[PDB]
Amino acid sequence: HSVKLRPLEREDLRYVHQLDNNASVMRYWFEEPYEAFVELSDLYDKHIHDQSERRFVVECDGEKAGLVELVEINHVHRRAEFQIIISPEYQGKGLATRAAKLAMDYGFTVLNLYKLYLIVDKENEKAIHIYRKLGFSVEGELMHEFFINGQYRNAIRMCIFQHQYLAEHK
């Protein structure tokens, strides 16, 4: 019932490593489902002081439940890309939505961003719902933007703005 964000810590990397090798999950991020731990580790150390990203762990009643990240934070144009995952066992309990709100909250109320966008698979109508109902609207359809498990996929670019998130939950 209670749902929070906290930073991805070094001691959380074992959890990330499992997700990042789950093809069913990684295909949603359009991420190649292959990661040796040492690669993960060496890249997390490399980005410690990278100010263009914030990676979070999602906790549902003190349990690790998924991942939210904000990436490509650009501060002159005031925008970033948003991306999220819920562990397979924590799925279908409302979490994506609750955790997406926390993210946007952080983008708009902490990072002082103007825009948030995301990319989703055209076929992922479940997720597109979540985002339409959150107030994201479609700004692009990228044809064949990704080759995933055997074929080209189309990607939907959705976004939402600061003044609109802020108006809607004030």
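Note that residue numbering begins at 1 and tracks the sequence as displayed.
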What stretch has the higher average Cα B-factor here, 108-116 or 25-33? 25-33
Averaging C-alpha B-factors over each stretch, which comes out higher, 94-102 or 74-82? 94-102
Of the choices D42, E53, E145, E63, which one's C-alpha carries the largest B-factor in the record? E63
Highest CA temperature factor in the entry: which of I48, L67, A127, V38? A127
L8: which third of its chain by C-alpha temperature factor? lowest
